[PDB]
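The chain below stands alone and is given as structure tokens, in the form deposited in one PDB entry.
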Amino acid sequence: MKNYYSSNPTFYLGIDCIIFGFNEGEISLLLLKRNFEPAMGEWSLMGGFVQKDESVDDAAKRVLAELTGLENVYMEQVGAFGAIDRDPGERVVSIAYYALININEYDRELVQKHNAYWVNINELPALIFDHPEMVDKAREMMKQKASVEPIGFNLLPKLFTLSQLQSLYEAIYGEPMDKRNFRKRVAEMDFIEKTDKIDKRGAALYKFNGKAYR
């Protein structure tokens, strides 16, 4: 059995989940009031710790489910945050994970039962520790992702107008966009495709495809 590596120290390994939600033209962040010390009661990302019996990726899934009830949310790793004094309680290196989801009814009731709250990304309260830095990094990742592949397949209807698409991009990027230049930029995205169908007024309908994955 003994002890490979026992000369080295061990560390608490944190998990923080960053859940962006799109609804009615706005992005919100899912937040809670932290249920343990230090900084108990203060505004927080969904925070937990990696356990011995699980991968770090599965820790994220578990932490999310424990603190919000949400299951079946695919998340992408944001990074390992390991500044010495990031957590005032102990040395904690935290691994952040993020997703962008479409905010829907059953999920809404579930989240509310956990005392998690959707807060508009332009009106965030002061978050504990380095959570604002984590959120900023996830938001930049989301921006970059949206420029190279479909940002999600159930954020918008299967067939969507350019106006609907523009509202999603403006929310992600956090600034209004020029309609003509946005249309030109979309024409350069081979993963968005104009169909023959029209909205029912007369606006052209577009769809995401799988061309960014080839």
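Think of the rigid core as the biggest set of C-alphas that the two forms share within 1.5 Å after superposition. Numbering starts at 1 and runs along the sequence shown.
Below, we turn to the form deposited in another entry, even though it does not appear here.
Only one candidate in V111, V78, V135, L127 has its Cα displaced by 2 Å or more between the shown form and the other one after core superposition: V111. After superposition on the rigid core, the Cα of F182 moves by 2 Å or more between the shown form and the other one. Once the rigid core is used as the reference frame, the Cα position of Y206 differs between the shown form and the other one by 2 Å or more. Once you line up the core between the shown form and the other one, the Cα of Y12 stays within less than 2 Å of where it was.
In comparison with the shown form, the Cα-Cα distance of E188 and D136 increases by at least 3 angstroms in the other entry. Relative to what is shown, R139 and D190 are farther apart in the other entry; their C-alpha atoms differ in spacing by at least 3 Å.
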